[PDB]
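J.: Sharing model18.cif, mmCIF, C-alpha atoms:
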```
data_run
#
loop_
_atom_site.label_atom_id
_atom_site.label_comp_id
_atom_site.auth_asym_id
_atom_site.auth_seq_id
_atom_site.Cartn_x
_atom_site.Cartn_y
_atom_site.Cartn_z
CA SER A 168 -9.99 -61.33 -21.67
CA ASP A 169 -12.09 -64.27 -20.47
CA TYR A 170 -10.04 -66.69 -22.59
CA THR A 171 -7.43 -66.89 -19.84
CA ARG A 172 -10.22 -67.44 -17.30
CA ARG A 173 -11.78 -70.44 -19.08
CA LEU A 174 -8.33 -71.85 -19.75
CA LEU A 175 -7.33 -71.17 -16.14
CA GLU A 176 -10.27 -73.28 -15.02
CA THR A 177 -9.09 -75.92 -17.52
CA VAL A 178 -5.55 -75.99 -16.12
CA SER A 179 -7.00 -75.96 -12.59
CA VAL A 180 -8.79 -79.17 -13.61
CA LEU A 181 -5.43 -80.37 -14.94
CA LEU A 182 -3.73 -79.69 -11.58
CA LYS A 183 -6.63 -81.46 -9.85
CA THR A 184 -5.91 -84.44 -12.11
CA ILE A 185 -2.20 -84.13 -11.22
CA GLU A 186 -3.01 -84.23 -7.50
CA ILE A 187 -5.38 -87.19 -7.75
CA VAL A 188 -2.91 -89.18 -9.85
CA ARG A 189 -0.05 -88.27 -7.50
CA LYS A 190 -1.90 -89.35 -4.35
CA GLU A 191 -3.85 -92.48 -5.32
CA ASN A 192 -1.60 -93.69 -8.20
CA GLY A 193 -3.99 -93.11 -11.08
CA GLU A 194 -3.62 -94.24 -14.67
CA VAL A 195 -1.37 -92.28 -17.04
CA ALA A 196 -4.20 -92.40 -19.60
CA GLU A 197 -6.24 -90.04 -17.41
CA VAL A 198 -3.44 -87.45 -17.45
CA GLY A 199 -3.08 -87.97 -21.20
CA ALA A 200 -6.80 -87.38 -21.70
CA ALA A 201 -6.60 -84.27 -19.50
CA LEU A 202 -3.69 -82.82 -21.49
CA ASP A 203 -5.48 -83.67 -24.75
CA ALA A 204 -8.60 -81.89 -23.44
CA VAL A 205 -6.47 -78.83 -22.63
CA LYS A 206 -4.92 -79.02 -26.12
CA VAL A 207 -8.26 -79.32 -27.93
CA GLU A 208 -9.82 -76.54 -25.83
CA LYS A 209 -6.83 -74.31 -26.62
CA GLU A 210 -7.24 -75.14 -30.32
CA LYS A 211 -10.97 -74.37 -30.15
CA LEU A 212 -10.31 -71.09 -28.31
CA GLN A 213 -7.72 -70.15 -30.94
CA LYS A 214 -10.24 -71.01 -33.67
CA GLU A 215 -12.87 -68.83 -31.96
CA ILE A 216 -10.39 -65.94 -31.68
CA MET A 217 -9.42 -66.41 -35.33
CA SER A 218 -13.08 -66.59 -36.39
CA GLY A 219 -13.95 -63.36 -34.60
CA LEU A 220 -10.78 -61.69 -35.88
CA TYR A 221 -11.48 -62.76 -39.47
CA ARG A 222 -15.09 -61.59 -39.09
CA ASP A 223 -14.04 -58.09 -38.03
CA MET A 224 -11.27 -58.24 -40.66
CA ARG A 225 -13.80 -59.02 -43.39
CA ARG A 226 -16.00 -56.19 -42.10
CA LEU A 227 -13.13 -53.67 -42.00
CA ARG A 228 -11.69 -54.78 -45.35
CA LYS A 229 -15.11 -54.70 -47.03
CA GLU A 230 -15.71 -51.20 -45.66
CA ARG A 231 -12.27 -50.18 -46.96
CA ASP A 232 -13.04 -51.73 -50.36
CA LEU A 233 -16.38 -49.91 -50.38
CA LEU A 234 -14.44 -46.70 -49.69
CA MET A 235 -12.10 -47.33 -52.64
CA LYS A 236 -15.10 -48.22 -54.83
CA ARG A 237 -16.76 -44.94 -53.83
CA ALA A 238 -13.47 -43.18 -54.59
CA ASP A 239 -13.55 -44.83 -58.03
CA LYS A 240 -17.11 -43.55 -58.47
CA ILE A 241 -16.10 -40.05 -57.38
CA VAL A 242 -13.08 -39.91 -59.71
CA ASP A 243 -15.23 -41.21 -62.58
CA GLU A 244 -17.72 -38.44 -61.78
CA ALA A 245 -14.90 -35.87 -61.60
CA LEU A 246 -13.58 -37.04 -64.98
CA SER A 247 -17.11 -36.77 -66.41
CA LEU A 248 -17.39 -33.21 -65.08
CA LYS A 249 -13.98 -32.31 -66.53
CA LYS A 250 -14.99 -33.75 -69.91
CA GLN A 251 -18.30 -31.86 -69.80
CA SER A 252 -16.43 -28.64 -68.99
CA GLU A 253 -14.01 -29.30 -71.86
CA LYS A 254 -16.90 -29.75 -74.30
CA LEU A 255 -18.73 -26.69 -72.93
CA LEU A 256 -15.62 -24.49 -73.18
CA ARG A 257 -15.95 -24.57 -76.99
CA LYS A 258 -19.53 -23.23 -76.74
CA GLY A 259 -19.07 -20.20 -74.48
CA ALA A 260 -21.64 -20.77 -71.71
CA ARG A 261 -19.88 -19.28 -68.69
CA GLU A 262 -22.81 -19.69 -66.28
CA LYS A 263 -22.40 -23.47 -65.91
CA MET A 264 -18.58 -23.19 -65.72
CA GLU A 265 -18.54 -22.01 -62.09
CA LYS A 266 -21.13 -24.65 -61.15
CA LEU A 267 -18.95 -27.36 -62.70
CA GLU A 268 -15.83 -26.14 -60.88
CA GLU A 269 -17.72 -25.97 -57.57
CA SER A 270 -18.91 -29.54 -58.10
CA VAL A 271 -15.31 -30.61 -58.80
CA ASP A 272 -14.13 -28.80 -55.65
CA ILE A 273 -16.67 -30.59 -53.44
CA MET A 274 -15.66 -33.88 -55.11
CA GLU A 275 -12.08 -33.07 -54.06
CA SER A 276 -13.23 -32.33 -50.50
CA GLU A 277 -15.04 -35.67 -50.23
CA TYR A 278 -12.00 -37.35 -51.80
CA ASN A 279 -9.78 -35.97 -49.03
CA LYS A 280 -12.40 -37.13 -46.52
CA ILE A 281 -12.31 -40.62 -48.09
CA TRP A 282 -8.51 -40.68 -47.73
CA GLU A 283 -8.79 -39.67 -44.06
CA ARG A 284 -11.31 -42.44 -43.37
CA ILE A 285 -9.14 -44.93 -45.28
CA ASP A 286 -6.23 -44.07 -42.98
CA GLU A 287 -8.37 -44.28 -39.82
CA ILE A 288 -9.63 -47.67 -41.01
CA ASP A 289 -6.10 -48.92 -41.75
CA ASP A 290 -4.68 -48.04 -38.33
CA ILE A 291 -7.74 -49.63 -36.68
CA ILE A 292 -6.96 -52.75 -38.72
CA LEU A 293 -3.35 -52.71 -37.48
CA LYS A 294 -4.33 -52.25 -33.83
CA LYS A 295 -7.00 -54.97 -33.97
CA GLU A 296 -4.28 -57.22 -35.35
CA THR A 297 -1.60 -56.46 -32.81
CA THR A 298 -3.69 -56.40 -29.61
CA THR A 299 -5.28 -59.82 -30.10
CA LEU A 300 -2.20 -61.44 -31.67
CA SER A 301 0.00 -60.19 -28.82
CA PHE A 302 -2.34 -61.05 -25.95
CA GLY A 303 -4.62 -64.00 -26.64
CA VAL A 304 -2.87 -66.61 -28.76
CA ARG A 305 0.49 -65.93 -27.09
CA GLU A 306 -0.98 -66.33 -23.59
CA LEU A 307 -2.59 -69.61 -24.70
CA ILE A 308 0.70 -70.88 -26.17
CA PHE A 309 2.72 -69.91 -23.08
CA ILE A 310 0.33 -71.60 -20.68
CA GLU A 311 0.14 -74.60 -23.05
CA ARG A 312 3.88 -75.20 -22.86
CA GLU A 313 3.62 -74.55 -19.10
CA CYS A 314 0.98 -77.24 -18.58
CA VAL A 315 2.62 -79.79 -20.87
CA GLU A 316 5.97 -79.28 -19.12
CA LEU A 317 4.19 -79.79 -15.79
CA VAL A 318 2.79 -83.04 -17.21
CA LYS A 319 6.23 -84.08 -18.51
CA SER A 320 7.89 -83.32 -15.15
CA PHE A 321 5.28 -85.37 -13.30
CA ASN A 322 5.70 -88.21 -15.81
CA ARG A 323 9.47 -88.14 -15.22
CA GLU A 324 8.85 -88.28 -11.46
CA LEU A 325 6.48 -91.24 -11.94
CA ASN A 326 9.09 -92.99 -14.11
CA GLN A 327 11.61 -92.48 -11.30
CA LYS A 328 9.08 -93.90 -8.82
CA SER A 329 8.27 -96.97 -10.92
CA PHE A 330 11.90 -98.00 -11.55
CA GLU A 331 12.78 -98.14 -7.84
CA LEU B 1310 -2.09 -67.07 -44.80
CA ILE B 1311 -4.66 -68.36 -42.31
CA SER B 1312 -2.16 -70.49 -40.39
CA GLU B 1313 0.82 -68.22 -41.13
CA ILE B 1314 -0.01 -65.85 -38.25
CA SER B 1315 -0.36 -68.78 -35.84
CA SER B 1316 2.98 -70.09 -37.12
CA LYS B 1317 4.47 -66.64 -36.45
CA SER B 1318 3.12 -66.77 -32.90
CA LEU B 1319 4.00 -70.41 -32.22
CA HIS B 1320 7.79 -70.45 -32.68
CA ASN B 1321 9.60 -70.90 -29.36
CA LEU B 1322 12.96 -69.29 -30.07
CA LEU B 1323 12.83 -67.06 -26.95
CA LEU B 1324 15.79 -69.02 -25.56
CA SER B 1325 18.58 -67.83 -27.86
CA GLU B 1326 21.67 -69.40 -26.21
CA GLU B 1327 23.86 -68.45 -29.19
CA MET B 1328 26.72 -66.44 -27.56
CA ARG B 1343 29.92 -62.47 -35.97
CA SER B 1344 28.77 -61.47 -39.46
CA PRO B 1345 26.43 -62.80 -42.20
CA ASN B 1346 29.53 -63.28 -44.39
CA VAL B 1347 30.46 -66.11 -42.00
CA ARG B 1348 26.98 -67.50 -42.68
CA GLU B 1349 27.75 -67.54 -46.42
CA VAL B 1350 31.13 -69.26 -46.03
CA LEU B 1351 29.66 -71.79 -43.59
CA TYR B 1352 26.79 -72.50 -46.00
CA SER B 1353 29.42 -73.21 -48.67
CA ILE B 1354 31.26 -75.51 -46.23
CA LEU B 1355 28.00 -77.35 -45.45
CA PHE B 1356 27.25 -77.79 -49.17
CA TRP C 588 8.21 -61.40 -38.29
CA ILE C 589 12.01 -61.63 -37.60
CA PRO C 590 12.91 -62.92 -41.12
CA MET C 591 14.70 -66.23 -41.63
CA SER C 592 17.99 -64.73 -42.89
CA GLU C 593 19.20 -64.34 -39.27
CA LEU C 594 18.23 -67.68 -37.68
CA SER C 595 20.25 -70.81 -36.84
CA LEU C 596 20.41 -74.30 -38.33
CA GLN C 597 18.27 -75.91 -35.62
CA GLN C 598 15.85 -72.97 -35.79
CA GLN C 599 15.42 -73.60 -39.53
CA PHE C 600 14.90 -77.25 -38.58
CA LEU C 601 12.15 -76.02 -36.25
CA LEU C 602 10.59 -74.09 -39.16
CA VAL C 603 10.58 -77.05 -41.54
CA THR C 604 9.29 -79.40 -38.82
CA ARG C 605 6.42 -77.04 -38.00
CA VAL C 606 5.58 -76.86 -41.72
CA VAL C 607 5.59 -80.65 -42.05
CA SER C 608 3.60 -80.93 -38.80
CA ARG C 609 0.89 -78.61 -40.12
CA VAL C 610 0.84 -80.61 -43.37
CA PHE C 611 0.57 -83.89 -41.44
CA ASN C 612 -2.22 -82.52 -39.25
CA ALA C 613 -4.05 -81.40 -42.39
CA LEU C 614 -3.66 -84.80 -44.07
CA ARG C 615 -4.16 -87.14 -41.09
CA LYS C 616 -7.92 -86.43 -40.95
CA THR C 617 -8.49 -88.48 -44.13
#
```
Would you mind writing the structure in this file as structure tokens?

T.:
Amino acid sequence: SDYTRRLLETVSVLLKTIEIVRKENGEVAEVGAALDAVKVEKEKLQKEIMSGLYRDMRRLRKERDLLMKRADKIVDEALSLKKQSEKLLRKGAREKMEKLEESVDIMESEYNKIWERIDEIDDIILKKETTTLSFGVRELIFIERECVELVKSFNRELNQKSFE
Amino acid sequence: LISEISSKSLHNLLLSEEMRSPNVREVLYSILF
Amino acid sequence: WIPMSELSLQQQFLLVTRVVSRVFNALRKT
């Protein structure tokens, strides 16, 4: 939550610029450079937030894809066990039959576990979306329009001052 | 879809200031065409 | 998301201008 703190220092610098241009009649280019610095720092902060978010998104999505790949491995193994049981049914060896069914049952248990972890990865993905996308970027955008409308209001006041 | 989320966040429509039905939208689209 | 089938004419103008602004920002660095 330090994004609003660094940006709050930035807009405090912007209000300092506003005061020093209001008192001693500074150049408009200084206020333009200040607003451009706020804009580029907001863009860099948004890029940092997006970089971290895409990093954890790649991590979460790669773990989810690893889970589906392991599910593919486990269903391939289950199909192999079913095929082996189907071939062994024609022979009449009943001792390995129970072992095969127990191995299929524990495959099914780990498959249900994989589904549970897939769900608890998906909702984590959704929450890590919504928290950052509702707090960070939106706070930056709101304060960005706030600071640029402060700059525009001061520029209108200066235009009124200069034409009289 | 890298910039699509930022585009979703950026849009400043929070001032509605509209103050009917989507059928009216269709007939007005025809009028505009 | 609030899909575009409920917006206004000037709001759709805002959408197309933000699209063209992103395109211009992408292409102006050349």

J.: Would you write out, as number ranges by chain, every residue that the PyMOL selection byres ((chain B) within 10 of (chain A)) captures in this file?

T.: B: 1311-1312, 1314-1315, 1317-1321

J.: For chain C, which residues have at least one atom within 8 Å of chain B, if we go by only C-alpha atoms? Write them as a count of residues only, please.

T.: 6

J.: Would you kindly return, as a PDB file with C-alpha atoms, keeping the file's coordinate frame, each protein, DNA or RNA residue with an atom no farther than 12 Å from any atom of residue A:279, considering all atoms listed in the file and excluding same-chain residues fewer than 5 positions away?

T.:
```pdb
ATOM      1  CA  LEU A 234     -14.440 -46.700 -49.690  1.00  0.00           C
ATOM      2  CA  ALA A 238     -13.470 -43.180 -54.590  1.00  0.00           C
ATOM      3  CA  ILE A 241     -16.100 -40.050 -57.380  1.00  0.00           C
ATOM      4  CA  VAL A 242     -13.080 -39.910 -59.710  1.00  0.00           C
ATOM      5  CA  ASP A 272     -14.130 -28.800 -55.650  1.00  0.00           C
ATOM      6  CA  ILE A 273     -16.670 -30.590 -53.440  1.00  0.00           C
ATOM      7  CA  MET A 274     -15.660 -33.880 -55.110  1.00  0.00           C
ATOM      8  CA  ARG A 284     -11.310 -42.440 -43.370  1.00  0.00           C
ATOM      9  CA  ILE A 285      -9.140 -44.930 -45.280  1.00  0.00           C
ATOM     10  CA  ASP A 286      -6.230 -44.070 -42.980  1.00  0.00           C
TER      11      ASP A 286
END
```

J.: Can you measure atom CA of residue C:604 to atom CA of residue C:590 for me? One decimal in Å is fine.

T.: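 Atom CA of residue C:590 lies 17.0 Å from atom CA of residue C:604.
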
J.: In Å, rounded to a single decimal, give me how far atom CA of residue C:596 is from atom CA of residue A:318.

T.: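 Those two atoms sit 28.9 Å apart.
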
J.: Around all of stretch 593-606 of chain C's listed atoms, make the axis-aligned box with 4 Å on each side and tell me centre and edge lengths in Å to one decimal, as AutoDock Vina command-line options.

T.:
```
--center_x 13.0 --center_y -71.9 --center_z -38.7 --size_x 22.8 --size_y 23.1 --size_z 14.1
```

J.: What's the separation between atom CA of residue A:256 and atom CA of residue A:237, in Å to one decimal place?

T.: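 Pair atom CA of residue A:256 / atom CA of residue A:237 returns 28.2 Å.
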
J.: Using only C-alpha atoms, determine which residues lie at most 12 Å from stretch 171-178 of chain A, disregarding the query and same-chain residues fewer than 5 positions distant; provide the list as a PyMOL selection string.

T.: chain A and resi 183-185+198+201-213+302-315+317-318

J.: Would you pick out the contacts of residue A:231 at 9 Å or less, using all atoms listed in the file, so that residues sharing its chain but fewer than 2 positions from it are not included, and give the list as a compact mmCIF listing (two decimals) with C-alpha atoms, in the coordinates of the input?

T.:
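Output file part34.txt is given in full below:
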```
# COMPACT_ATOMS: atom_id res chain seq x y z
CA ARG A 226 -16.00 -56.19 -42.10
CA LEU A 227 -13.13 -53.67 -42.00
CA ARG A 228 -11.69 -54.78 -45.35
CA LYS A 229 -15.11 -54.70 -47.03
CA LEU A 233 -16.38 -49.91 -50.38
CA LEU A 234 -14.44 -46.70 -49.69
CA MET A 235 -12.10 -47.33 -52.64
CA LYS A 236 -15.10 -48.22 -54.83
CA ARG A 284 -11.31 -42.44 -43.37
CA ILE A 285 -9.14 -44.93 -45.28
CA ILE A 288 -9.63 -47.67 -41.01
CA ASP A 289 -6.10 -48.92 -41.75
```

J.: On this structure, the PyMOL selection byres ((chain A and resi 322) around 12) would catch which residues? List them as a ChimeraX atom specification, sorted by chain and number.

T.: /A:185,188-189,192-196,198-199,315-321,323-329

J.: With N, CA, C and O atoms as the goal, would you fill in the gaps in stretch 590-612 of chain C and present it as a PDB file, in the frame of the given file?

T.:
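Saved the output as rebuild.pdb:
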```pdb
ATOM      1  N   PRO C 590      12.682 -62.064 -39.942  1.00  0.00           N
ATOM      2  CA  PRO C 590      12.910 -62.920 -41.120  1.00  0.00           C
ATOM      3  C   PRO C 590      13.998 -63.980 -40.969  1.00  0.00           C
ATOM      4  O   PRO C 590      14.880 -63.877 -40.111  1.00  0.00           O
ATOM      5  N   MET C 591      13.936 -64.998 -41.831  1.00  0.00           N
ATOM      6  CA  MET C 591      14.700 -66.230 -41.630  1.00  0.00           C
ATOM      7  C   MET C 591      16.176 -66.081 -41.959  1.00  0.00           C
ATOM      8  O   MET C 591      16.945 -67.018 -41.715  1.00  0.00           O
ATOM      9  N   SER C 592      16.598 -64.940 -42.505  1.00  0.00           N
ATOM     10  CA  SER C 592      17.990 -64.730 -42.890  1.00  0.00           C
ATOM     11  C   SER C 592      18.914 -64.486 -41.691  1.00  0.00           C
ATOM     12  O   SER C 592      20.108 -64.231 -41.890  1.00  0.00           O
ATOM     13  N   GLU C 593      18.396 -64.554 -40.463  1.00  0.00           N
ATOM     14  CA  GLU C 593      19.200 -64.340 -39.270  1.00  0.00           C
ATOM     15  C   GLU C 593      19.153 -65.508 -38.294  1.00  0.00           C
ATOM     16  O   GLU C 593      19.781 -65.429 -37.231  1.00  0.00           O
ATOM     17  N   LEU C 594      18.437 -66.585 -38.618  1.00  0.00           N
ATOM     18  CA  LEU C 594      18.230 -67.680 -37.680  1.00  0.00           C
ATOM     19  C   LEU C 594      19.393 -68.659 -37.671  1.00  0.00           C
ATOM     20  O   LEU C 594      20.427 -68.412 -38.300  1.00  0.00           O
ATOM     21  N   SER C 595      19.233 -69.773 -36.962  1.00  0.00           N
ATOM     22  CA  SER C 595      20.250 -70.810 -36.840  1.00  0.00           C
ATOM     23  C   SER C 595      19.808 -72.060 -37.589  1.00  0.00           C
ATOM     24  O   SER C 595      18.703 -72.127 -38.134  1.00  0.00           O
ATOM     25  N   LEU C 596      20.693 -73.059 -37.615  1.00  0.00           N
ATOM     26  CA  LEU C 596      20.410 -74.300 -38.330  1.00  0.00           C
ATOM     27  C   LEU C 596      19.269 -75.066 -37.667  1.00  0.00           C
ATOM     28  O   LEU C 596      18.327 -75.510 -38.334  1.00  0.00           O
ATOM     29  N   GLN C 597      19.340 -75.229 -36.344  1.00  0.00           N
ATOM     30  CA  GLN C 597      18.270 -75.910 -35.620  1.00  0.00           C
ATOM     31  C   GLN C 597      16.982 -75.099 -35.603  1.00  0.00           C
ATOM     32  O   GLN C 597      15.898 -75.685 -35.540  1.00  0.00           O
ATOM     33  N   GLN C 598      17.068 -73.772 -35.685  1.00  0.00           N
ATOM     34  CA  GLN C 598      15.850 -72.970 -35.790  1.00  0.00           C
ATOM     35  C   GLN C 598      15.188 -73.155 -37.156  1.00  0.00           C
ATOM     36  O   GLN C 598      13.957 -73.236 -37.245  1.00  0.00           O
ATOM     37  N   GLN C 599      15.983 -73.254 -38.227  1.00  0.00           N
ATOM     38  CA  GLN C 599      15.420 -73.600 -39.530  1.00  0.00           C
ATOM     39  C   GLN C 599      14.852 -75.014 -39.533  1.00  0.00           C
ATOM     40  O   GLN C 599      13.856 -75.290 -40.218  1.00  0.00           O
ATOM     41  N   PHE C 600      15.475 -75.920 -38.772  1.00  0.00           N
ATOM     42  CA  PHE C 600      14.900 -77.250 -38.580  1.00  0.00           C
ATOM     43  C   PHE C 600      13.551 -77.159 -37.881  1.00  0.00           C
ATOM     44  O   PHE C 600      12.615 -77.888 -38.226  1.00  0.00           O
ATOM     45  N   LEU C 601      13.432 -76.256 -36.905  1.00  0.00           N
ATOM     46  CA  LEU C 601      12.150 -76.020 -36.250  1.00  0.00           C
ATOM     47  C   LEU C 601      11.110 -75.504 -37.251  1.00  0.00           C
ATOM     48  O   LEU C 601       9.946 -75.923 -37.216  1.00  0.00           O
ATOM     49  N   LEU C 602      11.517 -74.599 -38.149  1.00  0.00           N
ATOM     50  CA  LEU C 602      10.590 -74.090 -39.160  1.00  0.00           C
ATOM     51  C   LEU C 602      10.099 -75.206 -40.082  1.00  0.00           C
ATOM     52  O   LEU C 602       8.892 -75.339 -40.328  1.00  0.00           O
ATOM     53  N   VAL C 603      11.020 -76.020 -40.605  1.00  0.00           N
ATOM     54  CA  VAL C 603      10.580 -77.050 -41.540  1.00  0.00           C
ATOM     55  C   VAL C 603       9.775 -78.132 -40.826  1.00  0.00           C
ATOM     56  O   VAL C 603       8.838 -78.700 -41.406  1.00  0.00           O
ATOM     57  N   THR C 604      10.083 -78.413 -39.554  1.00  0.00           N
ATOM     58  CA  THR C 604       9.290 -79.400 -38.820  1.00  0.00           C
ATOM     59  C   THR C 604       7.900 -78.868 -38.495  1.00  0.00           C
ATOM     60  O   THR C 604       6.937 -79.636 -38.503  1.00  0.00           O
ATOM     61  N   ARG C 605       7.760 -77.568 -38.217  1.00  0.00           N
ATOM     62  CA  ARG C 605       6.420 -77.040 -38.000  1.00  0.00           C
ATOM     63  C   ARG C 605       5.614 -77.031 -39.296  1.00  0.00           C
ATOM     64  O   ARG C 605       4.402 -77.282 -39.282  1.00  0.00           O
ATOM     65  N   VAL C 606       6.275 -76.778 -40.431  1.00  0.00           N
ATOM     66  CA  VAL C 606       5.580 -76.860 -41.720  1.00  0.00           C
ATOM     67  C   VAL C 606       5.100 -78.279 -41.982  1.00  0.00           C
ATOM     68  O   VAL C 606       3.932 -78.504 -42.335  1.00  0.00           O
ATOM     69  N   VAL C 607       5.984 -79.264 -41.792  1.00  0.00           N
ATOM     70  CA  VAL C 607       5.590 -80.650 -42.050  1.00  0.00           C
ATOM     71  C   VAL C 607       4.577 -81.131 -41.019  1.00  0.00           C
ATOM     72  O   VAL C 607       3.737 -81.982 -41.326  1.00  0.00           O
ATOM     73  N   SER C 608       4.595 -80.572 -39.805  1.00  0.00           N
ATOM     74  CA  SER C 608       3.600 -80.930 -38.800  1.00  0.00           C
ATOM     75  C   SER C 608       2.228 -80.382 -39.151  1.00  0.00           C
ATOM     76  O   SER C 608       1.221 -81.075 -38.973  1.00  0.00           O
ATOM     77  N   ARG C 609       2.166 -79.145 -39.654  1.00  0.00           N
ATOM     78  CA  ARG C 609       0.890 -78.610 -40.120  1.00  0.00           C
ATOM     79  C   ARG C 609       0.364 -79.399 -41.311  1.00  0.00           C
ATOM     80  O   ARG C 609      -0.839 -79.677 -41.395  1.00  0.00           O
ATOM     81  N   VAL C 610       1.253 -79.788 -42.231  1.00  0.00           N
ATOM     82  CA  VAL C 610       0.840 -80.610 -43.370  1.00  0.00           C
ATOM     83  C   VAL C 610       0.306 -81.959 -42.901  1.00  0.00           C
ATOM     84  O   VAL C 610      -0.738 -82.431 -43.372  1.00  0.00           O
ATOM     85  N   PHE C 611       1.006 -82.594 -41.955  1.00  0.00           N
ATOM     86  CA  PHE C 611       0.570 -83.890 -41.440  1.00  0.00           C
ATOM     87  C   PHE C 611      -0.760 -83.784 -40.710  1.00  0.00           C
ATOM     88  O   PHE C 611      -1.619 -84.663 -40.846  1.00  0.00           O
ATOM     89  N   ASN C 612      -0.950 -82.717 -39.928  1.00  0.00           N
ATOM     90  CA  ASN C 612      -2.220 -82.520 -39.250  1.00  0.00           C
ATOM     91  C   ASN C 612      -3.350 -82.274 -40.241  1.00  0.00           C
ATOM     92  O   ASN C 612      -4.493 -82.690 -40.012  1.00  0.00           O
TER      93      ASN C 612
END
```
